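Just one chain follows, in the form deposited in one PDB entry, and it is written as structure tokens.
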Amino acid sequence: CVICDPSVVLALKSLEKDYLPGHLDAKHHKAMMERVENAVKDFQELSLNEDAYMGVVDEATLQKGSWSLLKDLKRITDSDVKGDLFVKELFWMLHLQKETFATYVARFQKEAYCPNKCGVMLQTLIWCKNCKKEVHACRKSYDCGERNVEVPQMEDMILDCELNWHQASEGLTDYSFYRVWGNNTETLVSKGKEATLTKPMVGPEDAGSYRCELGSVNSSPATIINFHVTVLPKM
């Protein structure tokens, strides 16, 4: 999918126009550039071993692959290699970079694709084949796992509602921190773009149940996390 990057396109249009004139006989120009353009488009034809390949990457994986490629391409052109050497070098590199990209896409699916273990992530994906950008909802369980927090008598109580995937999600609004009373009732304690809640130098009253919601425009919460806080009469 790496031809979806405007930079890759120009670097190709620079190889043809700036590099080929002084480093390959003109008989090979149209033919080899025909082959190069086709090779790079073929970055989207992937097999992937197992699991199967979906035809989507996130924008990071896409950038990642364009970088590998264009740094490699560039090494060649700083080298000033000509003729046959140049063609071999050029075509080894394309071959390696495809295989490399393949490993990006594989890693992307195993680890970056709908990476959330709970909640609902809005992931911006891109379709290899048409360079088209979509937003896809990864909907998982609402159970992020219960956070049991032990905090010493008079130290800070930090409640972190941040998940690693939150920074990669679309449509987030605010984190709202609730206090749950035992009444099966609650009070809004905090709300903003802060992912944490700190009641410093806490005390025995401050123990109990807390709750974090992460909102999304404009619908159901992206994340719910529950904390149970127990304060310890201790050092």
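Heads up: residue numbers just count along the shown sequence, starting at 1.
Keep in mind that the form deposited with a partner chain bound is missing from the display, and what follows is about it.
- Item | Answer range among 141-149, 80-88, 155-163, 94-102 for contact with the partner chain, defined in the deposited complex as heavy atoms within 4.5 Å | This holds for exactly one stretch, 141-149.
- Would you check, heavy atoms only and a 4.5 Å threshold, whether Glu16 touches the partner chain in the deposited complex? Result no; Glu16 lies far from the partner chain in the deposited complex.
- Does the partner chain get within 4.5 angstroms of any non-hydrogen atom of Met54 in the deposited complex? Yes, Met54 lies within 4.5 Å of the partner chain in the deposited complex.
- Task: With heavy atoms only and a cut-off of 4.5 Å, decide whether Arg211 touches the partner chain in the deposited complex.
- Result: Contact with the partner chain, yes.
- Message: in the deposited complex, is there a heavy atom of the partner chain that lies within 4.5 Å of any heavy atom of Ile76, even though the partner is absent here?
- Response: Result no; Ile76 lies far from the partner chain in the deposited complex.
- Item | The unique member of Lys71, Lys117, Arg107, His136 whose heavy atoms fall within 4.5 Å of the partner chain in the deposited complex | Residue within 4.5 Å of the partner: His136.
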